[PDB]
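Shown next, in structure tokens, is the structure this report addresses.
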Amino acid sequence: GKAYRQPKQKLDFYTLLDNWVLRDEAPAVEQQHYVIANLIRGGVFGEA
Amino acid sequence: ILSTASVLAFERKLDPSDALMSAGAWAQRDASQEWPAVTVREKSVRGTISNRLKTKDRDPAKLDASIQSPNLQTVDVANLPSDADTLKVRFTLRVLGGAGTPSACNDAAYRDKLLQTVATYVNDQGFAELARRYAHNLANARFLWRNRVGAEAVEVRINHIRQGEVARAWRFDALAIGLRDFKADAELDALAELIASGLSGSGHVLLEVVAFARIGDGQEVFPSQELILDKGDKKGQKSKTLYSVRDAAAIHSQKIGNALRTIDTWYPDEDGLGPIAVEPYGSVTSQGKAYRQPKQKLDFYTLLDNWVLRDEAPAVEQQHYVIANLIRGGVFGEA
Amino acid sequence: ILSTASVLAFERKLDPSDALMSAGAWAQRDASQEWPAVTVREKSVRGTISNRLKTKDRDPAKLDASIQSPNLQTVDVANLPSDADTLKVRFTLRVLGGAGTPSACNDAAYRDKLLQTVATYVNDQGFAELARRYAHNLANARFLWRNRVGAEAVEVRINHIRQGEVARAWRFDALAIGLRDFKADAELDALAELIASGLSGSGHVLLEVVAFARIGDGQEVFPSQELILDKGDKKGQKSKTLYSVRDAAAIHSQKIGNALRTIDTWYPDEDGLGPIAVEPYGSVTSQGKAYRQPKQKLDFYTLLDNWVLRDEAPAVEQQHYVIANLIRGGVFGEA
Amino acid sequence: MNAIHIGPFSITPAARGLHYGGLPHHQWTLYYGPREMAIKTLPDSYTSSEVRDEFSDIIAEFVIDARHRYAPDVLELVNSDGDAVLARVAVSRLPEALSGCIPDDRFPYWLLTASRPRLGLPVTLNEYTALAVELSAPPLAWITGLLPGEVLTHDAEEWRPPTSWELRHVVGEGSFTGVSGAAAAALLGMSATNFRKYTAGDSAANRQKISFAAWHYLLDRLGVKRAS
Amino acid sequence: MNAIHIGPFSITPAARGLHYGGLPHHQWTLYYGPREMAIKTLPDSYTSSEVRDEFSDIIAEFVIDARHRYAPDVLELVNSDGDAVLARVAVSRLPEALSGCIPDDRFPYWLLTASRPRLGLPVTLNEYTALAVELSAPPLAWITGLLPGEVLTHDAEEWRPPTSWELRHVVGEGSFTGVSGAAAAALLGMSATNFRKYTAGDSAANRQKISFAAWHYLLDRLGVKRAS
DNA sequence: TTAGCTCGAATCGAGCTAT
DNA sequence: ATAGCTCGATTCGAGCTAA
């Protein structure tokens with residue numbers, strides 16, 4: 001019932017993706033593995 | 001001065017039916033006339049918080065509290081049987097003819113000028129390029145929208161039903177014929193001539209199109225999705241509703257028509273996307289943008305106004321686009 | 001001076017019923033009495049804007065935002081079954097006598113003069129040409145309005161029902177008898193004589209009109225449409241409703257009456273545009289044009305006034321048009 | 001009696017009357033050009049004011065529906081978080097640089113649409129001021145949705161002069177702007193008789209068609225178009 | 001030779017001549033209406049397009065001075081300190097509620113003038129954008145300083161139609177806006193032949209006057225006035 | 001404020017010109 | 001693009017009525 005990778009510690013999928021794509025700040029290879037796994041699982045990413 | 005007509009309604013050619021989904025096994029698709037239909041059923045899904053939060057829901061306590069109350073809902077789901085790996089989708093297509101004639105026209109002079117313009121087009125180059133591209137979208141299973149993305153082998157069978165009987169049969173490999181290139185092939189040419197005779201009005205043509213997709217045992221298939229009134233309880237929300245006619249998963253006829261309509265390769269932007277549906281203002285729903293912007297003077301209405309009112313005939317590619325849009329039909333003219 | 005009466009309510013001759021429309025297979029259409037009815041169901045449609053922009057919506061961002069927020073509708077749609085390729089449409093027709101007699105009038109002298117005028121018309125030339133043209137709009141399935149455009153084969157069966165049993169049966173190839181020419185035919189002559197006897201008041205005529213058409217296997221059929229109150233949301237908007245009587249798709253009886261009424265080939269414009277339904281002021285809503293304008297001396301009211309009040313009898317074609325307007329009925333007269 | 005004209009609306013009575021109860025009555029039908037809106041059977045002892053008051057509610061709900069249907073789309077200026085709205089501007093058209101956007105922290109101010117799929121771009125206060133100045137909507141911009149696009153175009157070769165009925169949308173006391181014809185003539189520096197000649201009915205021999213500059217300056221001064 | 005007319009400027013030659021050196025010579029006199037700016041003695045071998053280039057620098061200096069001395073007042077949007085200018089807008093007229101002000105901390109945004117005795121008004125971003133939309137200045141608003149105040153007024157009773165020379169300030173090849181007569185006629189939705197009658201001078205046969213609505217709409221479209 | 005109407009005078013469009 | 005013309009049709013202002 002808890003969330004590892006809180007957005008406060010900047011290790012969630014959305015902050016990592018935004019930093020990697022927009023700011024060109026590539027994270028650690030583990031974190032980009034996690035991001036690409038999130039792209040593999042699919043989703044409805046992107047709010048208004 | 002020959003201004004345009006306020007009422008310019010058109011009826012559509014290339015009328016498809018609802019495409020019914022049935023299931024079975026590969027190498028028995030020659031006896032697929034009695035295959036059981038794919039049935040839309042209910043299953044339960046449990047989801048977590050996976051959407052973006054607006055900087056106020058990102059609190060760890062609030063996020064965890066949202067985790068402790070997950071969204072429970074039921075979804076309409078269509079799956080193949082666990083002993084069947086092939087999906088069969090069958091619809092019938094009717095090609096009418098008489099594309100340049102509007103169904104409603106305020107001005108008689110504009111009606112006559114538009115008829116002369118379309119007749120000049122057909123006399124110069126008939127419905128041969130457009131019918132070839134429509135036959136290409138028939139040969140590849142583009143009407144098999146998401147059921148084609150991971151299918152290992154796709155085969156499309158198209159029959160010409162003259163007096164309730166197969167007057168001519170076509171068998172195609174829908175993966176060899178890609179979704180990017182409009183090449184030339186003898187069977188594609190024959191189907192193109194048949195669709196051309198339908199569009200010209202030479203004779204009545206009715207096409208029965210059957211597509212087989214080898215997807216896998218028990219794999220999910222994707223019929224068209226309906227609208228939910230969103231009034232019931234949150235637990236029994238019915239967040240996803242699938243389209244069926246009589247306990248058989250089906251695809252909307254306008255989705256099939258949109259997939260056959262994907263012949264427009266002449267829009268000003270690059271060929272990275274490939275063909276798009278022939279719509280006014282070149283709208284693509286997935287990309288959320290409009291190729292053929294009216295600002296770029298390449299949409300349907302500006303081209304038609306230049307071609308008909310003031311005799312400025314565009315390039316033959318834009319002429320194909322305009323005639324394909326007239327085949328598509330719509331409520332043109334100022335409301 | 002014999003001024004026109006202030007009410008000229010006329011009752012409608014050639015009274016049809018709502019045409020119920022059902023489905024089945026060709027060559028079993030002789031035993032079509034137990035064919036299942038065509039049901040009106042709902043499907044969800046999504047589309048982008050394809051109409052002309054107001055020059056205010058031509059801004060690219062507004063168009064892109066409209067594409068990214070497409071309009072959602074649910075529509076009533078009527079289709080044939082995926083195992084049936086023939087649509088059967090059945091209605092009953094009554095031919096009544098006493099066309100020139102009004103149902104309401106204010107002036108005994110005017111109604112006597114009008115009755116004398118209609119009587120001397122019938123004596124000079126009875127309901128022979130008018131009933132000939134009516135037989136045609138029944139022998140060609142013009143009441144199959146959009147169900148005839150791309151149909152491969154259409155035939156109609158007219159049965160004369162006397163004491164509840166078929167007195168004489170007619171069978172016509174509705175595609176052979178066109179929608180434009182009033183040619184001469186022996187069975188058509190017999191049906192015309194029966195309709196003439198019904199119009200003359202010399203006998204009771206009740207016709208059972210059954211039409212079969214090869215629309216196609218599972219293809220869309222087109223019943224009559226209702227008004228939309230637009231009292232709901234904009235997503236489940238219910239933008240289209242179809243007509244059904246007791247769960248069977250149906251066509252309005254006034255649409256059938258208009259279809260049989262299309263006999264006017266005497267309007268001052270060229271008759272190569274086709275026959276028109278007889279109306280005061282020769283109105284066509286699809287074309288937005290009034291043939292037989294009151295500015296010309298060829299509309300119904302000026303013809304009726306000149307013929308009756310001051311004995312200026314028009315040409316026999318124009319008086320055929322006048323008597324056709326008297327047969328169709330209407331609330332004529334000033335106020 | 002006689003037809004009552006309220007701006008673009010018309011309440012015409014039936015030619016023949018009837019008796020409901022023991023009192024004479026006529027049916028009064030309301031029009032919006034060619035569109036019939038409502039019919040009411042009213043006593044013959046009513047004056048024109050009472051007949052107008054009978055249809056005032058239907059006219060008011062037409063006005064409300066027209067204001068809500070053709071309301072100009074709204075742009076919102078938000079911070080980096082994208083949650084707090086700092087300023088709202090209603091625009092006649094959107095900027096051409098609007099694309100699908102979620103605000104970042106790379107830029108402090110973002111201009112976004114009020115539509116649920118939000119379009120936007122990073123904007124400075126100077127650029128936002130310039131865009132709001134050259135894109136703002138006049139307070140009566142909803143009336144332009146009731147007019148055709150060939151009378152509201154700035155292209156002189158595609159422009160058609162408005163008819164009397166299209167003029168009465170904005171010129172009369174029963175119109176949507178509420179100004180008089182004399183006030184409209186004063187706004188254009190024109191004689192009141194010459195401007196009445198513009199909104200003259202079809203049963204008249206002296207009718208004049210308004211020019212391009214006069215019509216568009218009238219729309220500017222009335223707060224309907226090109227007033228920001 | 002011939003009197004060269006460049007918008008409101010007119011280079012007229014001397015009727016008599018002179019021989020400076022041995023070559024023929026004439027005195028060319030630049031005019032700004034009834035105002036004389038320069039006399040320059042030039043040969044007769046120069047073409048009109050070369051005398052125009054000879055007198056071009058004085059005209060450019062006049063235009064620079066006119067643009068500088070008639071620049072619209074600039075407003076400044078500042079924070080709760082008054083040091084950082086977040087946004088600036090040029091206005092045709094100041095806000096009605098300006099008083100002498102020094103920004104403090106109780107309000108986050110302040111709208112101060114650019115003049116050193118800074119008048120001000122506490123505003124939010126929405127009210128600041130409303131004021132900027134209402135009060136903005138068009139890009140060519142400096143030409144209104146070269147025009148009389150009775151031809152720019154919005155009151156129809158106190159309005160006087162501009163003359164031909166006052167019209168040459170805003171339309172013409174050598175005007176301060178640089179738009180041709182055909183382009184101005186296309187902006188007003190009228191024929192170029194009728195606008196040439198507006199711009200006609202000294203030809204008493206068929207010379208016309210511009211109207212209130214046409215003049216103010218032209219000033220709107222050229223970017224001179226009413227473009228807030 | 002609505003809804004018009006003459007009557008002479010000025011304006012408007014679309015033809016031509018000239019430079 | 002400047003500069004100007006003619007000619008018949010349309011607009012325009014200031015009287016007036018009509019309500």
Side-chain angles (χ1 to χ4, degrees), chain B residues 1, chain D residues 1-11 47-49 52 156-157 159 161-162 164-165 167-168 170-175 177-215 218, chain E residues 1-11 47-49 52 156-157 159 161 164-165 167-168 170-175 177-215 218:
Chain B
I1 192 57
Chain D
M1 294 182 286
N2 269 300
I4 308 180
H5 298 277
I6 311 159
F9 306 104
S10 304
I11 316 180
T47 53
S48 294
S49 66
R52 175 188 310 126
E157 292 302 332
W159 184 75
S164 300
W165 181 66
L167 281 167
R168 296 186 229 112
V170 294
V171 66
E173 294 293 328
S175 63
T177 65
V179 301
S180 61
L187 289 168
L188 291 203
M190 203 168 289
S191 188
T193 78
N194 191 49
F195 211 96
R196 281 193 292 268
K197 285 199 187 84
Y198 289 153
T199 69
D202 291 331
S203 186
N206 304 120
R207 294 143 61 68
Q208 293 163 167
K209 293 172 73 175
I210 198 168
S211 63
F212 181 91
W215 171 238
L218 179 62
Chain E
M1 294 182 286
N2 287 317
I4 313 176
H5 294 338
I6 318 178
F9 307 101
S10 66
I11 310 167
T47 60
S48 87
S49 296
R52 173 181 299 120
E157 293 179 353
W159 181 77
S164 160
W165 181 73
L167 186 52
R168 294 291 179 89
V170 294
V171 298
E173 183 181 0
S175 67
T177 62
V179 294
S180 57
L187 282 169
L188 289 191
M190 75 164 66
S191 50
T193 67
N194 189 58
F195 207 88
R196 275 194 291 270
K197 296 189 186 184
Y198 293 158
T199 44
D202 192 74
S203 50
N206 296 115
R207 63 181 293 165
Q208 303 171 162
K209 297 296 289 183
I210 207 166
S211 55
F212 183 90
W215 174 239
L218 186 62

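The basis for the numbers below is simple: all heavy atoms, side chains too, and nothing from hydrogens, waters or symmetry mates. We name chains A, B, ... by the order of the sequence lines, and we start the count at 1 in each one.
In this model, the phosphate group of G/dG13 is approached by a side-chain N or O of D/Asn194 to a distance below 4.0 Å at OP1 or OP2.
The same atom, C1', is picked in F/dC7 and in F/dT11; the two are 16 Å apart, to the nearest Å. For the P atoms, the distance linking F/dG15 with G/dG4 amounts to 22 Å, nearest Å. G/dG13 and F/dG13: their P atoms are spaced 16 Å apart (whole Å). Taking the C1' atom of each, G/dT11 and F/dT6 are spaced 15 Å apart, rounded to whole Å.
With rounding to whole Å, E/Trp159 atom CH2 is found 10 Å from G/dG13 atom P. In this entry the distance linking CG of E/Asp202 with P of G/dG4 reads 8 Å, nearest Å. At whole-Å resolution of the value, CG in D/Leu167 and P in F/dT2 are 13 Å apart. In this structure, E/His5 places its NE2 atom 13 Å from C1' of G/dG4, rounding to the nearest Å. Computed from coordinates, the D/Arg52 CZ to F/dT2 P distance equals 11 Å when rounded to whole Å. For D/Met190 and F/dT11, the CE to P distance is 13 Å, given to the nearest whole Å. In this entry the distance linking CZ of D/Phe195 with P of G/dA14 reads 16 Å, nearest Å. E/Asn2 places its CG atom 12 Å from the P atom of G/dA3, with the value rounded to the nearest Å.
For the pair E/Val179 and E/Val170, the minimum side-chain heavy-atom distance is 4.5 Å or more. At a threshold of 4.5 Å between non-hydrogen side-chain atoms, the residues D/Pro162 and D/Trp215 count as touching. Side-chain contact between E/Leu167 and E/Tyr198 is present, with at least one heavy-atom pair separated by less than 4.5 Å.
Applying the 6.0 Å contact sphere to NZ of D/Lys209 captures no more than 12 heavy atoms from other residues, nucleotides or ligands.
Judged as a side-chain contact (heavy atoms from CB on, under 4.5 Å), and not counting sequence neighbours, the contacts of E/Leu187 are E/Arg221, E/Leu222. Under the rule for a side-chain contact (heavy atoms from CB on, under 4.5 Å), the partners of D/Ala200 that lie at least two apart in sequence or sit in another chain are D/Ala204, D/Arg207. Under the side-chain contact (heavy atoms from CB on, under 4.5 Å) criterion, E/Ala185 pairs with E/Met190, E/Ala192, E/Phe195, not counting sequence neighbours. In this structure E/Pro8 satisfies the side-chain contact (heavy atoms from CB on, under 4.5 Å) test together with E/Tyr32, E/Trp165, E/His169, E/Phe176, sequence neighbours excluded. In this structure, the side-chain hydrogen bond (donor to acceptor under 3.5 Å, both in side chains) partners of D/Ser10, at least two apart in sequence or on a different chain, are D/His5. With sequence neighbours left out, D/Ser203 forms a side-chain hydrogen bond (donor to acceptor under 3.5 Å, both in side chains) with no residue at all. Shown here are the side-chain hydrogen bond (donor to acceptor under 3.5 Å, both in side chains) partners of E/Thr177, two or more places apart in sequence or in another chain: E/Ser175. Legend: residues meeting side-chain hydrogen bond (donor to acceptor under 3.5 Å, both in side chains) with D/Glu173, ordered by chain and number and at least two apart, are absent.
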Give me the distances for all protein-to-nucleotides 15-18 of chain F N/O pairs that come in under 3.5 Å?
none

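Under the 3.5 Å distance criterion, the side-chain polar atoms of E/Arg168 are matched with a main-chain donor or acceptor of E/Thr199.
Near DNA chain G, defined here as any heavy-atom distance below 4.0 Å, the residues from residues 178-185 of chain E are E/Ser180, E/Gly181, listed numerically. Listed by residue number, the members of residues 203-214 of chain D with any heavy atom below 4.0 angstrom from DNA chain F are D/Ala204, D/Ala205, D/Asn206.
E/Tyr198 comes within 4.0 angstrom of the backbone, heavy atoms only, and of no base.
Here the NZ-CG distance, from E/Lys197 to E/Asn206, works out to 4.5 Å after rounding to the nearest 0.5 Å.
Between the side chains of E/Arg52 and E/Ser49, a donor-acceptor pair is found at a separation under 3.5 Å.
Using the sign of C1'-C2'-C3'-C4' as the criterion, F/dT17 falls on the north side of the pucker cycle.
Where E/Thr199 and D/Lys197 each meet DNA chain G at their nearest nucleotide, the meeting point lying more 5' is that of E/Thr199.
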Inset, instruction - Fill in the dot-bracket string of DNA chain G, one character per base: . for unpaired, | for a pair to another strand, ( ) or [ ] for pairs within the strand, taking Watson-Crick or G-U pairs under 3.5 Å. - result: .|||.|||...||||.||.

